[PDB]
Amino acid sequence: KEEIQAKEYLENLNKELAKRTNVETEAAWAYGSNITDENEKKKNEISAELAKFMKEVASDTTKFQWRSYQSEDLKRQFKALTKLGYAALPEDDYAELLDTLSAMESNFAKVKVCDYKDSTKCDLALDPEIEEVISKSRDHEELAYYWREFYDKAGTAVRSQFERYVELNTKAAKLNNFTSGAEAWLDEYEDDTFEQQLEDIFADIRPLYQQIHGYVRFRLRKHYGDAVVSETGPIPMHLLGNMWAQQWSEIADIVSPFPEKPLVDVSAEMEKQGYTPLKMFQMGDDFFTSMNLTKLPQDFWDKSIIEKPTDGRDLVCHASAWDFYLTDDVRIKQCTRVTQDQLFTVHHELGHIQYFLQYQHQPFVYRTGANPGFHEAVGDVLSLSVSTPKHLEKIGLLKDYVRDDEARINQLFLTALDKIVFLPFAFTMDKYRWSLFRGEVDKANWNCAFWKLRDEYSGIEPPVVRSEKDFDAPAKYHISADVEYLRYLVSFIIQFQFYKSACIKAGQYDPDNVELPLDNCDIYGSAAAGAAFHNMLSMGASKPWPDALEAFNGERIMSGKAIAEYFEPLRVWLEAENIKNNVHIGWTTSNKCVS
């Protein structure tokens, strides 16, 4: 009987929540686009206001006997409304948390270092100045300089703020009756065996990672010499072409299986053909529409920031996509550069935008991903296609390419330097934070606990000796910005399930046809692949994620089968190559974090 009035209650509340969240998002956008004390105050004050309203909402749900209802849909919506998160904190505690959070994100965004060759020039930012050096320099001491300068300023500088953040995050979780923030995050996956599932999948892929690790270390020894890289120790991370060693594709030119054969790097051809950020976004838009998916609305073009501002202002340059919870008001903020990697990043961010557009008709509480990993996967599925020789030849970015057996191994290896390498990295980001949230590590051991995990899982280490005098975790954007990271591990697994199925649907993959390998599938122009996306993305969070996966390809289980299938030709070649070259596998425990 009560369910009739409850349905009307939800309809109104959802629309109210969308409108109130719109206001919060606008202030958060203004701050990220233009970091000032006034914008910080505005963002945080509006968030405090919404938090207060959320408290009233959660209190009001107790007036409805929602757990007694017949409708699974009504119950699911009511359950979503009971989950306050940080808004469960007392007014003062919430205000303090907001203040600490903006302190950490603004610190990260404002980091500037001095030029290695010119101690007078001290306006080098991570994006683009420091990352330019990290990705391109092969001077190991230059690399170590920039690593140390960045981590000292982006990491160590916010230890006290990070400590208070952990305290209030924990207090918030417990007010929602989760054990810690780890459980609060994991609740988004609606599966009480989710951690164990990921341990199992990770364990299956781990041997391949160790083969890649071993081979890369071998190749780095030939380049830098044994004084810089040892055979038996963890790889010094500053040599891996990335500030966090999360992906190694930037060093592919020195570690590629067949150096005399083609290695795909289209950055130069993009510049030669006069690519701009605008063109890159237009091309991303073209890819989605070619699949019979939704075109970018005018608000996107009018309101997005697709180049780093040329005035003196501070901003968050870490790429992001934004939903404003109205109709068609969606935006990206990216400090775009004309590179191959950046072309993939454009497609990644546009994947978020497409998800927003696909579910914008859903009630507010359902206007989010089936789970956080789904949201991160969408654009990467297209990026996998964009990265293929097949696609890059179509758009004239890859010229005179001969796809023989050796070129194929080079391309598979290049992909693995991004996709397999990332897996242990992503797992450690949340394994670390979970252990702090759960109170499993004493504050006296917080820094070496981070590096111990990086060692154990990724077999990498800092370029210089660190200690508990340093605090390196917040040097990663997501750690300073309090963004859950497990979403990316989930993404990198499930995106291959989505890719394999989309490719099969597009007639682009057949396991028994040598002419249709998975690693050269291009889903561009495929309405059938697009249909599967529409079927899944339009659901938003209206159903538990296995139902969303089922809508795409009929499966209900997160599985490492597809990613293993993609890389199987590489696994076979690499295992043999490592044996042929007597390549040492595994690593001794690092000496780079002193207790």
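We number the residues from 1 along the sequence you see.
Student: Out of 112-120 and 368-376, which stretch has the higher average CA B-factor listed in the record?
Tutor: Mean B over CA atoms: larger for 112-120.
Student: Using only C-alpha atoms and the B-factors in the entry, which stretch averages higher, 58-66 or 556-564?
Tutor: The recorded data point to 58-66.
Student: Using the temperature factors in the entry, find which of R433, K399, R487, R454 has the highest value at its Cα atom.
Tutor: In the PDB entry, the greatest C-alpha B-factor among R433, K399, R487, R454 is found at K399.
Student: Among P463, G507, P474, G233, which residue carries the highest C-alpha B-factor recorded in the PDB entry?
Tutor: Of the options given, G507 has the highest CA B-factor in the PDB entry.
Student: Which third, lowest, middle or highest, does the C-alpha temperature factor of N520 belong to within its own chain?
Tutor: For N520, whose C-alpha B-factor we compare with every modelled residue in the chain, the answer is the highest third.
Student: Please place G284 in the lowest, middle or highest third of its chain according to the CA B-factor in the PDB entry.
Tutor: It belongs to the middle third of the chain when residues are ordered by C-alpha B-factor.
Student: Quick one: classify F178 as lowest, middle or highest third of the chain based on its Cα B-factor.
Tutor: For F178, whose C-alpha B-factor we compare with every modelled residue in the chain, the answer is the lowest third.
Student: Taking the values exactly as deposited, rank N39 by C-alpha B-factor within its chain and report the matching third: lowest, middle or highest.
Tutor: As the PDB entry reports it, the C-alpha B-factor of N39 lands in the highest third of its chain.
Student: When the deposited Cα B-factors of this chain's modelled residues are ordered and cut into thirds, is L97 in the lowest, the middle or the highest one?
Tutor: CA B-factor rank for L97: middle third.
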